[PDB]
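In structure tokens, the next block holds one chain alone, the form deposited in one PDB entry.
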């Protein structure tokens, strides 16, 4: 028997955890005995694009980092991704809920961890393409893990990037301009997305000040298919998201430097870590 092999029959649902682009993540108790005593596991199954889920599973299965969600196994017939369950959930609902419990140092410790898990993925020649606060799970009050790899893709040989084919559900307000204009994803673009995730982190994931809403204040919520085009210009001009309320300038300058318009010019994760550690120590 394989410990990473999970039966569909023994996988009884409990509650829906999170919604993804193509996949659906629900909490299941895997109980082979059948008496509410099996371990609780997070289960990703496509809504009724198997190749992509299959590809995500081989990427996650070979990721071993303390700030990357642990792969628990699979479920075949047709496939389901079996991950570990983190009861505190994602930063999206934990941050507003525990504002009092989490302060600035804890917020920057989270950023270092996200940066770290990010570097591991990058050094293993993989590009995330979906780095936002809803994709970061809380291990404990001291530890956070990257919990979704739905749009993670391999970077082509001798190429500095992955050329994006389909992009119908690309999170545009989190995206770098090279992705908005050229539609080619670079590791440097995952750094742009980090800076935005960083803003959400500092605002405790607040709806009324989410990166979409704040960018709309600068372009307008009545332009539908022009939304993206205007956004590209606002960035060409030099404008960026505002400073979060009660965020220091030295932090905001690390956030601003996450938005250096060129990919060849833009910072790496290793630089951001050292930059963050310089504020914690």
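In this text, the rigid core denotes the largest set of C-alpha atoms whose superposition between the two forms falls within 1.5 Å. Positions refer to the first chain, counted from 1.
Counting only other entries that model residues on either side, is residue 206 absent from the coordinates in at least a third?
Other entries vs residue 206: none skip it.
Can you tell me whether residue 156 lacks a model in a third or more of the other compared entries?
Residue 156: modelled in all of the comparison entries.
Enter the number of deposited residues without atomic coordinates between residue 77 and residue 78, binned as none, 1 to 3, 4 to 9, or 10 or more.
The entry leaves 4 to 9 residues without coordinates here.
For the stretch from residue 48 to residue 49, please bin the deposited residues that the model skips: none, 1 to 3, 4 to 9, or 10 or more.
4 to 9 residues are missing.
Look over 91-99 and 165-173 in the entry and identify the one with the greater average Cα temperature factor.
Looking at the recorded C-alpha B-factors, 165-173 comes out higher on average.
Comparing 131-139 with 194-202, where is the mean C-alpha B-factor higher?
So the stretch with the higher mean C-alpha B-factor is 194-202.
Of the choices 153, 184, 116, 109, which one's C-alpha carries the largest B-factor in the record?
Comparing C-alpha B-factors across 153, 184, 116, 109, the top value belongs to 184.
From the list 67, 62, 40, 233, select the residue with the highest C-alpha B factor recorded in the entry.
Out of 67, 62, 40, 233, the record gives the largest C-alpha B-factor to 233.
For residue 29, return the chain-relative third of its C-alpha B-factor as stated in the PDB record: lowest, middle or highest.
As the PDB entry reports it, the C-alpha B-factor of residue 29 lands in the middle third of its chain.
Once the chain's modelled residues are ordered by C-alpha B factor and cut into thirds, is residue 160 in the lowest, middle or highest one?
Answer is highest: the recorded C-alpha B-factor places it there.
Thinking about Cα B factors across the chain, which third does residue 57 belong to?
According to the entry, residue 57 has a C-alpha B-factor in the chain's lowest third.
Beyond what is shown, the protein has a form deposited in another entry; the following relates to that form.
Has the Cα of residue 246 moved 2 Å or more between this form and the one not shown, judged after a core fit?
No, because once the rigid core is superposed, the C-alpha of residue 246 moves less than 2 Å between this form and the one not shown.
Once you overlay the rigid core, does the Cα of residue 167 travel 2 Å or further between this form and the one not shown?
Yes, the C-alpha moves 2 Å or more.
If you line up the core, does residue 257 shift 2 angstroms or more at its C-alpha between this form and the one not shown?
Residue 257 C-alpha, core-superposed: shift of less than 2 Å.
Look at the CA atoms of residue 232 and residue 222: state whether they lie closer or farther apart in that other deposited form than in this form, given a difference of 3 Å or more.
Relative to this form, closer in that other deposited form.
Between residue 222 and residue 261, does the Cα distance in that other deposited form come out closer or farther than in this form, changing by 3 Å or more?
Compared with the form shown here, the C-alpha atoms of residue 222 and residue 261 sit closer together in that other deposited form, by 3 Å or more.
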